[PDB]
Every structure is written in C-alpha cells, then in structure tokens.
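Chemist: Partial complex follows, first chain(s) only, in situ:
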Amino acid sequence: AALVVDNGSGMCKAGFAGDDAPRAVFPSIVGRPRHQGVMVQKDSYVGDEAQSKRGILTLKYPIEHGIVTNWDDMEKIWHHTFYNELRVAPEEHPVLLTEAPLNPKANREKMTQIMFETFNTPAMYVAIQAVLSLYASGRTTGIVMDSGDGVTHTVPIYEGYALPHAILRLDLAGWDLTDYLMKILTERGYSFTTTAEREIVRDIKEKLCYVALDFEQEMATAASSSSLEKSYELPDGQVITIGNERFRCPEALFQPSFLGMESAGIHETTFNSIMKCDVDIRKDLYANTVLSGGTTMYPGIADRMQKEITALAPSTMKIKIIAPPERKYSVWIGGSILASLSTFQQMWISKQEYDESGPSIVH
Amino acid sequence: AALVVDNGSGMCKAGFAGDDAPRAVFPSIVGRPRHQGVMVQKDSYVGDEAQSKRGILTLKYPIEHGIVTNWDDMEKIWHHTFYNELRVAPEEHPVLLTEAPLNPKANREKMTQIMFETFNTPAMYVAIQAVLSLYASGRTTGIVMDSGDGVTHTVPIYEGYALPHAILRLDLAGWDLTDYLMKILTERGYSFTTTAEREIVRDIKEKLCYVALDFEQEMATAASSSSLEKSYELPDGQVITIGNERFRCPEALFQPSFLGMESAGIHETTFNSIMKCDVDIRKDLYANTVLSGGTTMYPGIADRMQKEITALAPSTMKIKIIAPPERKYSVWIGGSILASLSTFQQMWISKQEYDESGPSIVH
Amino acid sequence: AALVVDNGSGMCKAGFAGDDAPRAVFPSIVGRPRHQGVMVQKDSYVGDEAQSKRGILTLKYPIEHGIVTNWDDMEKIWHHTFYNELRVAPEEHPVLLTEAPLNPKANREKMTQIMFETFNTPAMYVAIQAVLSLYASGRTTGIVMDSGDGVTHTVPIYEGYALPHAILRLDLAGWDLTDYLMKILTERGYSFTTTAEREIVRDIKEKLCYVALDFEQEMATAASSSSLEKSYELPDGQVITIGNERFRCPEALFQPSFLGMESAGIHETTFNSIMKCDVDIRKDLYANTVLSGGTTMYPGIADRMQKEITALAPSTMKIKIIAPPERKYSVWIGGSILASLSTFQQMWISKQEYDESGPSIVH
Amino acid sequence: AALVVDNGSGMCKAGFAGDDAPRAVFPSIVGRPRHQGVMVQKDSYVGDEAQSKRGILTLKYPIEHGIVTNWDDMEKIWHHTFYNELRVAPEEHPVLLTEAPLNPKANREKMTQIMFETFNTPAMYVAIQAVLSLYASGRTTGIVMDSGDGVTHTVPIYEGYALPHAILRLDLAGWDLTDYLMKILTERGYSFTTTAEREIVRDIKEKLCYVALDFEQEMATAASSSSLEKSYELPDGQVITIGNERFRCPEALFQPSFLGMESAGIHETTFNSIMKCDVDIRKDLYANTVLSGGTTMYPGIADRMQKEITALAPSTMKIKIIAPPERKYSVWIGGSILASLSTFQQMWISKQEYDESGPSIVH
C-alpha cells in the first residue's frame, strides 16, 4: 500500500492509499526549548508533542508559504510522520507527496533527494494539490480554489486537461489571517506576541471567525448591538470577548488591502483564472467551482464566493460553488484515490529512474 | 444500398441512396488537444465530438478550398463517417463521392485509392457537385451556382449535356465570409482569433447575416437608426451587438473587392458562365438558374441575384432564380437520386476495373 | 395515293399526290451533339428536332448544291419523312422524287437504289424540278427560273416540249446568299460563325432582306438617312440593326461578282437561256417567265427581274414575270398534279423493271 | 520618315519606315491600381510600366479579338507609343496602321478620327496585316496565315491580286491558348486567376509549349515516362512542373474542340481558303504558305502544318510552309517596306482628303 502525505504549510496529513481519511493529522511544527533544564528531556518536539509543551518552546514552521525553508526540521517532521505516527518502514511503500503550483524547482528536487536517499523509498510521486482536490470531488471538469496555511491557488481543469497558463497563486492564506487577527485583537487590549500565543489566536480564528455575506451591513450590525459578540476562554482561564473581529479577519480573503496587499481577493482570483481560459469552457468552470483546504472552512464562505462571482460573471451563467463538508481533507482524499488507481502505477518515479536520470526526473 | 457521401470543405453529409435526407451531417473537422492531460482521453476528435470539446482543441479542416490538404485527417473523417455515424461496413456498399470541378487530378485519384485500399469498397464513383444539384431540382436544363465553405462554381447544363468550357470556379465561399466577418467584428471591439472562436463567428454568420437588396441604401439605413441591430449571446454569456456587419459580410459575395480579391461576384460569374454558352441555349439558362450549397442560404440572396442578373442580361430575358428551401442538401439529394437510377448501375467503377486499369480509371 | 417528296438542298417538302400543299415541311438537316452528356438522349436529330436543339448540335446538310454528299444522313431524313412526318409505310405508295437538271448521274441512281432496296417502294419516278413548277402554274409554254438553297436553274419549255440544250444551271442560290450576309454583317460587328448561328442569319435574311429596284439609288438612300434600318432580336435577346445589308445580300443574285463568282446574274441567265432557244419561240418565253423556289421570295424580285430582262430583250417584246404567291411550293404542287394524272400512271418505274434492268432504268 | 505601328490585340510594335525592326515593342495593356495609396503615383500605367507593377494593378487590354473595345485606353497606348517610346511628334510623320480583315467598319473609322483629330497626323493609311506579311517575305504570290493574340486570318494573294472572297478569319488565337493553358494547369493544382497571373501563364506558354508532330503518340510518350516534364520558376520562387500540357495547349490550334469551339483548325482553315481560290492558282498557294504572328512561334508548328495540309491536299502537290525565324515581326517589317515604296506615296490619306470626304475615305 502506498503512503499519501499531504504536507502543506500548516498541517501534515498522512495515511495509506485506499483509506477515506488520513490516519495522522498534526501541526507541521518543530519546537525547541527556550529555557534551561534544571531537572536531572528531548532536544526538540514535533507536531502534537510540541503543541502540548508549547509553553516552554519556540515553535517553528519548516514550510513557509508552501516552500520548505528549513530542511533539517522538514526531515524531523517526515521522520516523525513515518516512524511515530504511521509506524511504517518507508523503504517498503511508495510515497505520494503534494506541492503547490508555481513553486521553486529546487523545492521538489530536495523532496525527491530526501525521500530516496534518507528514507530510501522504492517509488515516489509529487502531485499538484488542487488537482487532487478534483479527484476527491469525483469530477474531471472544474476550477479548484485551494487555500491552506501558506498558499492559495486556483487550477482550472477541463475534461481532464489542465490549463497551466490559467493557474493563479496567492501568498495570502491562513497564516496571514492569523497574523491579521493578532493585529486587530490589540484594539481590545489583547496582546499575543509569542509563537505559543500565535497558536492560541489560530484556535480563536477557527472557532469564532466567519465570513459575512455583506461586510458593510455586518459592520453596522456589530456597531449597534452586541449579538455578534462571542467569548473565548484562554488556556489560563482568562476570558476574551470579540465582536466585529469575527468577520473582519476572514474579510481579508476578499479585500487583501486590509493586509496592505495589492493583490485581488479569492473571488476575483477565481474569476480571473476562469477568464484566462478559453471562452468555450468557462460555462463549465462557472458551474464547478470547488473549494478546498482549511482556509475555506469559514462559515458562510461558499455563499459569499457565490455572491461575489455572480456579480463578476455574466448574468446568464450559473455560478455553483462546491464546498463539501470534508474539504479540509480533499487534497489527501484525492491523493488516496490517485495512488490507488491502476492506471497510475506507471506514473511512479522508481529509485532506479532517479539513479540514472538524477533529480531532474521529478520535473 | 449505395452510400452517398457529400464531403465539401465545411461539412460531411452521408447517408443511403434512396433516402430523401442525409443521415449524418457533421462538421468536417479534426480536433487535437493543445494542452496537457492531468487526469488519470482520445488523441483526436472528429465532427461533433470536436465541436463540443473545441475549448481545449485545435480545430483543423482537412479539406481547404475543395482540395484535401491532410489525407491522414481525411481518413479519420471517412472512418468516423462509416463506423460511427452510418454504422455500416464500407466493404458491402458502393460509395458515391462528390467533388468540385476544376480540381487537381491527384485529389480524385487519392480518394479512389483510399476507398479501394483502405475501406475496400466494392464499387465507387465521383460525381460533380453542381450536376447532382440539378438532379435534385428535377431538371435537365439549367445553370447551377453551388457555393459551400471552400468553393463556388457554376456549371451550365442543357438538355442533359454539360458545357465544360463554360464552367467557372471561384475560391470565394463560406470560409472567406467567416474570415471577413471576423475582421469587421474588430471594428466594434470583438476579438475572435482561435480556431474555436472561428466556429463561433460562423455561427453568428449563419444566424444574423443577410443579403441586402440595395447595399448603399441599406448602409444609409443602418447609419441613421438601430432597427438593423441584433444581439448574440456568446458561449460564456457575453452579449455582442452587430449592425451593418449583418449585410456587409454577405456583400463580399457580390463585391469580392471587400476581401481584396480581383474576381467578379457570384452574379457576374453566373452571367459570364451563361455568356460562354451558345446563344441558342442562353434563354433556357436564364430561366433555370439554380442555387445550391450552404453559402446560398442567406435571406435575400435569391432576390439580390435576380436583381443583379436582370441588370446584366437583355431586358427581354426572363431571369428566374430557383432557390429551393432544401438547397443546403441539394448535392446530397441529387447524389441519392443518381445512385438509385437503374441506368447508373453501369457507371460504377468496380474494384476489378481499378486493379487492372490503375487509378487512372477515375478520370 | 402516291407520295410526293421535294427534297432540295435546304428543305424537305413531303405529302400526298392530290393535295394542294405539302403535309411535312422541315429543314433538311441532321444534327449531332458536339458535347458530352452528363445526365443519366438520341444520337442524332433530324429536321425541326435538330433546329430546336441546335444550341448543342453540329448541323449538317446532306445535300449540298443539289447533290447528296452524305447518303447515310440522307436516309435518316427520308426515314424521318416517311415514319415520323407522314406516318406512312413507304412500301405501299409510289414515290415521286425531284432533282435539279445537269446533276451527276450517280446521284439519281443512288436515290433509286435506296427507294427500292431500303424503303421497298412499289414504284418510283424522278422528275425535273423546273418542269414541275410549270405544271403548278397551269402552263405548257414558259421558262421556269427555279432557285432554292443549293441550285438555280432555268428550263425553257414550249408547247410541252423541253429544250434541253437551253437549260442553264447556276451554283448560286440561297446558301451563297446566307453565307454572303454572314460576311457583310461583320461590317457592323455582328459575328456569326457556328452552324447554329448560320440558321439565325438565314432567318434574318428571310425576314429583312429585299431586292432593290435600282441598287445604286438604294445605296445612296441608305447612306443619307436611316429609313431603311430594321432591327432584329437574336434568340438571347440581343438586338441587331441592319441597313444597306438588307438589299446588298439579294443583290448578289443579280451581280454574282459580290461573291467573287464570274457567272452572270439570274436575269442574264434567264435571258441567255431564252436566246439559246429558236427565234420563233422566244416571244412566248418572254411572256411566260415563271419564278419558283424559296430564293425567289424576296420582296421586289419580280419587278427587278422584269426591269433587267426588259433592258436585255428587244423593246417590242412583252416581258411578263409570273411570280405566284405560293411559288415556294411550286415544285411540290406541280409534282402533286403530275402524280395524279392518269396519263402519268405508265411513267412509274416499278420494282420489277428495276430488278430486270438495274439502276440504269432511271436514266 | 513615316511611322509604322502594328497594333494587334496583344502587342504594340512601332518604329520608322525603312528600318528592319520595330523600335518599340511592348504589351498593349493599361493597368490601374486596385488598392489604396497610403504613401504621400500615376493614375494608370501602360505597356512595360504596367507589366512591372502588375502586382498591384488590374491589367486591361483595350483591343479584344482585333477590335478596340476601349477607345480611351487605346489613345493612352498610342500616346505612350509616340511620346514615350518613339519620342516623336506625330503631327510631323505619316502613320501606317494595321488591321485584321473582316473587322467592323466603325473600328477603322475611329482609328482614322483619332489619328487626324487627336494626334493631327498629316497622312495616314490602314493596311491589312496578312498583306504586309507577304511584303516581308519578298513574295507576290502566297497564302499568309497570320495568328496573333486575338485574331487568326488567312489571306491568299496571287501575282499581287488578293482573293477577298477566300479570306477566312478565326477568333481562335493566342488569347484562347493562354486561357486554355490556365484551365489545364488546374489539373496539377496550379491556380492562376488574376490578370497579373494571366501574364505569368502567357510567359509559361511562350517558353515551354510546343506543337507535337503526332498528338496521340506524344500523349502516350508523356503518360509512360517523364522526359517531357519541364520546370518553371514563378516570380515568388515557387517551381511548377508541367508535362503533357506543353503540347496540349498548342494542340487547340489544330483541334479547336478542346476549347469547345466548332470551328476548324488552322490547317483546315488554310486548306479551305486555298480551296475557295481558282483551281489554276492553288498549286502556287500550296508552295507559298507563309506563317506570321506570335502564335506561329511554337516549335514544331511548321512541320505539323506541312503534315496536316499534305494529308488534305492532293498527293501530287508540293506543300511548302514558309516560317521565317523573324515571323513575329513580319507584319511590321512588311509595313516598313510598304511605307518606304515610292509607288505607295500616293496611297496616303492626307488630312485634306479626310476633311472633305469625312471618315468614309478610309474605306
């Protein structure tokens, strides 16, 4: 059985091909102690180990905006994934990895060198994340907008053919929303600064934030009452209350100028990607807009995306946003489907092909 | 039963001799994918298959101006015609094919070699398209002006005898009108460039274009109001509006200088063909001018042809333009009549005659 | 009832003895197609059939200058005459044929062999055409000037006796006038060249040409005004206008030098024929000059003949030109009278006399 | 010195009487621009000027089949001839013009009106072209077959006397052969349609076409090998190859049915012209058959004419075809000889005789 590892910027999702859900889901973090030990202790902690001891750790993400910036810590996470989470020998199973489009070429080549020389996997393959999300929905036509912690990208596919010239990629994703929520929480006097407190803000974001259907009407509602106020208990028992920050944080996905970015929102990025495609396939892309990733899990984002794209598209087009309830695992689920196909078993890059063609075989 | 295949530049019309209408009518196109497949797909698409997937295809016509330029794609269309459209075994039926006059000799010889060596037809015959159109109208005397996608030709026939020295042929037909409509649509800011968008312009031409009775009076009407403006919805919901382009495009049939051509219009070509005939038969040709082909399906072309030929012919002649409502299928209908005649069953070129006389038997 | 067939160079006039007019009058032509048939058609056309389809035919006269030059086509005309025009069985009726004087001996012998061996007529007789014209006028004394399409001949007869030494024959007739009209029509830019266009010129000649009383005065009248101009509409609606060609064409009958001929005009030929007769019978020939044939049907030819012969004859002679209005059929009418006489029934050449005396019985 | 202008349908040959060759030889064409000028250009081009710029011009011949159809363009060619080519004042020299026999009377009268009222020539004369060709050969007896671009005519002359009744004229000449070569070049896929491309086909005809001695044997030779194939480089570097079209095009001179014409070939036209002459002069005409004009410049036409006339003439006659190597200029050379004769100086039509006798003096 093949191993499917979906390693975006924020999470590591691993499991076996053929299953319907990842077996191991943990944060893609490496924590190191920032104090002195006095008791007569591991040197570093990975994943949920680092998340539970984060009070005395400095947390580091080895992947930033889809790109591995620390390859030593990236091997710790893969080692922790294989031996501690899945508890398998990686030299016995082919590994299917994922990657965002328009990534540096050296990123995929280093992933290949590590899988073949450090873990000694027999076969290997690197797929595009948005393509796997279309496998998960059981479609061959559609435009996938995948947004995780580091990357947001749109990939249009028609009848199984990708339109690579129409692929768009934004560096605006979940990390920027957490960073923005930290900034607007200072307006109420809540100061979060350390890497451990950044994990608390992300937990606040995932539990209290939502997408407003009309932002200006929602701002006027929050300024005239308190029906939108929600409380949240910090780990030390302190209770914070947030109001319009609940929908102002996800609003940066549609108005990136809140972050000082010049780019377009996720609705205009999806529309611009459709408009780069041929006129004859746009009608099918409008009706098969698929959301994927953890950053699409805000309540009300599918209704907001449909409203915003309807205002950009011609009035005779049928805008249909497909947001399955399991779309946080769509990349992994689609990778599990792909690695189980019989027509895919010739797509593997074996270790022999890597020894005779070098790392350039992965491109 | 014999097979009747009318394969002009634009369309493929196929059926069985004795029927009153073709059973298979599809565009004579071969589409190949111009992108990369990412889903784990045929290598080429023919006819209506290529027309529905044209968003991701490069469309190619194997016949250009009546002459087959790609014999590999021409066999794909004939193979698609026999096995997918008609669903017959071509080695059991004689095949009646059509061809424009004044074509290269090697074009008809290659059609004969393919029908006998690739499809193994028992018998075969290649007829002239304008002659078949006269069978469809139930006449033995008349001048047929047939205009399709690639070729416009006039063939005068008197009492069953053809006047080959009076046959005229123009390379101005439906393809040049579509190409001209694409050019004058840029005046309103509508840009069509790809082969898929050329199919959209042809659809615009067939639905909105018409022949003006007086061109200069029609130009003054369109410049003073908007009663001639029509809208058209593109496949992606965008709506374009055209005014004088509706009659300026078909006007190139009567004024080929709009295309930069030096040749004469279809009215002067018909008149020059009559004037090459003997003086004693011109009166019968004037009264039996038969229109045929898809390019004669513009509204108002019969009234315009009659007006233009009346101005060229002597005032005592009776100009009568015969434009039947089914004249888009006249070549096929006439071929179905001819292949069903008992006096035609000796005109077939059997495979034995082809083996003993070579490909020169077809001439 | 006997059959009377008057077959000159141009026309075939057939009917039954006793009638006052021929029942069948058609051009003595055989037309064959000069193009290729494409419609899935007789091999040749005779008479009015060839005249109506002459646009696609090559027209041939089997009789040239009174002499049959094509005996295969001559049988087609006789076959068409008996079975299609008269609709009789020629093996039941005696046939009276006509011939110009001073013809080759083999011409009359071949007519006899065909009538007895091909059509199996019971009896047969060949008469001289000018002698029959004198029967038609009810005279026994007179000089007959018969002019058709091929031959002009004068035969003087006195009290029922022919003067064979005074018979004159000219090869100047209607064919040469049509040929001359074609030549002088080029002066106005009218080009007639084909055998079908020669039939049009002959129609122009029969409708617009006339004999001028004084040629030089008529030439001066046409050169000073336009009262002599007449229009004529061609079969294709084109209108031609002719002036002095109307009387210049028939003037060749009186001045054969217009045709490059050295012979004398029809007036001097008639006078020379009278002067070869005995002095005692010339006075009766001067008073009984009978015109006959289609070439004598020009308006004003009787007044011109009288004026020209009066200038040649002594001033005390009474010149009387007899030009009956039915003189185009005089040979046939006279043959119908002769074949009905009871004293003629012993002049027939029966088939028994032909079998025992050979073809020399006809001379 | 008198000016000699030989202006047939295709070429204009001009010079001075007494010289042995024309000084100016250029195509009788007038070209007008068929596009729009954008550079900040003459309105029309004549002769070699139009031939070099023919890519952007519509070429028109003012003379068609020996008859001037455009008198405005005919004056442009004469004006270009006098002032640009010969560089003389036409009001100082008498002009000798040429004309085909059996031309419309108004054609010669308009040439006289233009020479006297537009160019103000002192004297003028219009000669028959075939008569001048006999001066060029130094003969007083012979039949001249002159064939140019528009007209083919035969004029028999005996001891200095013309036989006008034996003059024959065909409208089959070089223009019809070029038009026929264009038609049979489509059999190999070579499409020439514009007036500029017609000049290219004429160049192909003059360089590659020849007359086959036996046509059926030559057709069998070309169908069994490739020794008759010749290549020709088009102006744009494209190379075309022609085989049996090299001798099929000139074969229309001997079999006009290839053009759909009913007329006889040039061999039968020459023979029919001799047979219209008196029996006593035919022997001298058989031995002095003179070829003239550009259409007689095909290799092998003299040997073919001799073979074809020998088969028509009695076996005891000596058929001698005189084809001088300079017979393309025979009409001009003979006109230069005639205009230099002292016994011709009274044949000029002075401007005084034209003012007192009108335009009818030229006939």
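Modeler: Thanks, I have it. Numbers count the residues shown, from 1 in each chain, chains lettered A, B, ... in the order given.
Chemist: next structured bit after whichever helix or strand residue A:270 is part of?
Modeler: Secondary structure assignment for residue A:270, by DSSP states H and E: helix A:266-275. Following helix A:266-275 in sequence order, the next helix or strand is helix A:282-286 (DSSP H and E).
Chemist: Figure out how far that next one is from the centre of its chain.
Modeler: Helix A:282-286 sits 25 Å away from the centroid of its parent chain (CA atoms, centre = their mean, to the nearest Å).
Chemist: elements contacting the helix or strand just after that helix?
Modeler: Helices and strands here follow DSSP H and E; after helix A:282-286, the next one along the chain is strand A:289-292. Applying 3 or more CB pairs under 8 Å, 6 or more residues apart in numbering or on different chains; DSSP states H and E, one finds that strand A:289-292 contacts helix A:129-136, strand A:142-147, helix A:301-312, strand A:321-322, helix A:330-338. Any C-beta I mention is one placed from the backbone N, CA and C, and that applies to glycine too.
Chemist: Just tell me which of these ends up closest to chain C.
Modeler: Among the helices and strands packed on strand A:289-292, the nearest to chain C by CB to the nearest CB is strand A:142-147 (57.1 Å).
Chemist: Run the angle between that closest one and helix A:266-275 for me.
Modeler: For strand A:142-147 against helix A:266-275, the angle by axes from the mean of the first three to the mean of the last three CA atoms, to 10 degrees is 150 degrees.
Chemist: Give me the distance from strand A:142-147 to the chain's centre.
Modeler: For strand A:142-147 - counting by CA atoms, centre = their mean - the centre lies 12 Å from the chain centre.
Chemist: following sequence is chain E, add it:
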Amino acid sequence: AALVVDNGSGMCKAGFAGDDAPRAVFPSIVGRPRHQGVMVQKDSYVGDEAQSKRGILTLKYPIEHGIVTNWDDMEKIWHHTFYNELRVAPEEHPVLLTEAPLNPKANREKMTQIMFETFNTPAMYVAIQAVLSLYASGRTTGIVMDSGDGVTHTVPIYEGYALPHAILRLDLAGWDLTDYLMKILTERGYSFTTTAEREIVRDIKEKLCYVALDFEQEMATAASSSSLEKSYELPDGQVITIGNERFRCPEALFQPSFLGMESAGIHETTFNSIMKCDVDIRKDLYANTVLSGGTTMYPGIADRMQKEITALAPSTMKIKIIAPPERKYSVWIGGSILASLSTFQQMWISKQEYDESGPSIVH
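Modeler: To build on what is shown above, here is chain E added in:
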C-alpha cells in the same frame, strides 16, 4: 510646427515634426496612492513621476493591447504630455497621432473628440504605426513588423500602396513577455506580484533577455554549464541570477504556445502576411522586411527572424531583415517625416471639418 505623439500601450513618445528624435519619452502609466497620507501630495502621478514613486502607488496603464480602456487616465497622460513634457499650447499646433490597425472604430473617434473638444487642436490626423515605420526607413516597398507593449502587427506595402487584406495583428507583444517572465522567475523562487514589481521584471527583460538562434541547442548549453547565467540587482540590493529564462522569455514570440496561445509566431505571421499578397510582389517583400518597436530590440532577433523565414520561403528568395538600431523610435521618426511633408498638409483634419462632418470624418 506639428506635434507628433506616438502613444502605444507601453510608452508615450512626443515631440515636434521635423526633429529626428522624440523630445518626451515616458511610460504611459498613471499611479495612484494605495495607502493613507499622514504628513500634513498629488492625487495621481503620470509617467516618470509615477515610476519613481511606484513603491507607494498602484500603477495603471490606460491603454491595453492598443485599445484605450480608461479615457480619464488617457487625458491625464496627454495633458501631462503637452503641458509638462513638451510645454506647448495644444491649441496652436496640429497633432499627428498613431494607432494600430484593426482597432475598434470607437477608439479613434474618442481620440478625435478629445483632441478637438478638450485640447482644442486646430488640425489632427491619425496614422497607422507600421506605415510610419516605412517612412522612417526611407522605403516605399516593404513589410513592416511592428511590435510594442500591446500589439504586434504586420503591414505589407508595395510601391506606396498598402495591401489591407494582408494586414495581420497579434495580441502577443511586450506585455505578454513581461507577464511570462514573471511566471518563469518563480521557478527560481523569485516572486514578483505587485504592479511596481512588474516594472522591475520589465527592466530585467530589457537588460538580460535575448533571442537564441537555435532554442534547443541553447537549452542544452544552459543545462550543462553556467556561462549564460547573469545577475541583476533589485532596487533593495537583493541580487537575483537567471539562466535559461534569458532566452525562454523572448522565445514566446516565436512559439506562442509557451503562453497558452494558439496563434503563430512573429516569423510565421510575417510569412503568412507575405503569402496573402500577390505573387508578383512577394519577392520585394522578402527583401524588405522591416522590424519596428521596442519588442524587436532583443539581441539576436533579426538573425532568428531571417533563419525562420528562410525556412518557410522558397530557397531562391533573398530574405533580408532590416533592423535599424533606432527602430524603437521608427514610428515616431516616420511620423515626424510625414507631418513635415508638403504633400501631407492637405491630409490634416481641421476643426471645421470635424464640426460639419462629426466624428465620422476620421474614418
């Protein structure tokens, strides 16, 4: 003195007629602040002002693909051109403007309305850009391939006459190459996204990119060494290094499939434009292929164009690419020559003609 304004998609080149170089050359951009001012600042910046402050601006091009999309910003650029750059009163000088062929009709009419109603110019004229480039080279015959930031178009001209039916236009130009360089720079981890960073990529393109003579040989050279690597210092001191991207970016001009476009390269577009012209003028167009515009300023593009057209043209044609070193200003230089011609002073459209004929006078 007349004003010459060459305003393509990317640059604005302005000056006075008669000069040899534009006086004002600045980017055709309008920048607006995308932040909040806190210092107690113009509302928008044009040209070099916007280019120097682009760090805090959003840069907008009012002309996209040759078509003005923002007429308010287009007036800001013209106002900045007249009053700030040239420092003249536009109501005193006639203005010569430029435009790409096959542009929307309303684009030229709005330019005319603004020049006459907003700037009150006395006279005005709009020329075609490729025609002006032929004035700059001192030629009247040649095919001009002009490529700027928005449009690539070929205009063949022969002897001063344009062939409008042979004009081709591509929407592939400098903007698409900059956009493509941004995409392939992500392969090395260089992320440029904002409109200010797009100006940096364009600067990289103009300094480091070149056209490879053989693309596949150049790709193999770059993959085997580092002799093609060049460094570039960003505005903030960061140094980027690019290898095969130097010639892969300009290669999209010859292989537009790199951009996902179906169209043909600039070499095949030039060849197809020549092949639409008459056969007689193609030889002169092959020898006078003129390059123009900023997108033709890549090193090695003239040698590559000659190599690619030589492979398409017949081997006997002489392909000569004329690439003057000042061809970035050819449109302006040619407009300066045209506006100084005395024969052009009647081509101006005065303000009186605009008031009496409306905006339709410009077409």
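Chemist: Would you mind listing the buried residues in stretch A:346-361?
Modeler: Buried residues in stretch A:346-361, counted by 16 or more other CB atoms under 10 Å in any protein chain shown: A:348, A:349, A:351, A:354, A:359.
Chemist: Sitting in helices, which of those residues do you find?
Modeler: Of these, the ones assigned to helices by DSSP state H are A:351, A:354.
Chemist: For the buried residues of stretch A:346-361, give me a markdown table that also has distance to chain B.
Modeler: Converted to a markdown table, the buried residues of stretch A:346-361 look like this (distance: CB to the nearest CB, whole Å):
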| residue | distance to chain B |
| --- | --- |
| A:348 | 12 |
| A:349 | 15 |
| A:351 | 22 |
| A:354 | 21 |
| A:359 | 21 |
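Chemist: Which one of the buried residues of stretch A:346-361 is nearest to chain C?
Modeler: Ranked by distance to chain C (CB to the nearest CB), the buried residues of stretch A:346-361 are led by residue A:348 at 65.7 Å.
Chemist: Quick check: closest non-adjacent residue to that closest one.
Modeler: residue A:123 (3.7 Å; CB to CB, 6 or more residues apart in numbering or on different chains).
Chemist: Let me see the contact set for the one you found.
Modeler: A:2, A:94, A:95, A:348, A:349, A:350, A:351 (CB atoms under 8 Å, 6 or more residues apart in numbering or on different chains).
Chemist: Mind doing that once more with 10 Å?
Modeler: Contacts here follow CB atoms under 10 Å, 6 or more residues apart in numbering or on different chains; on that basis residue A:123 touches A:2, A:93-96, A:115-116, A:345, A:347-354.
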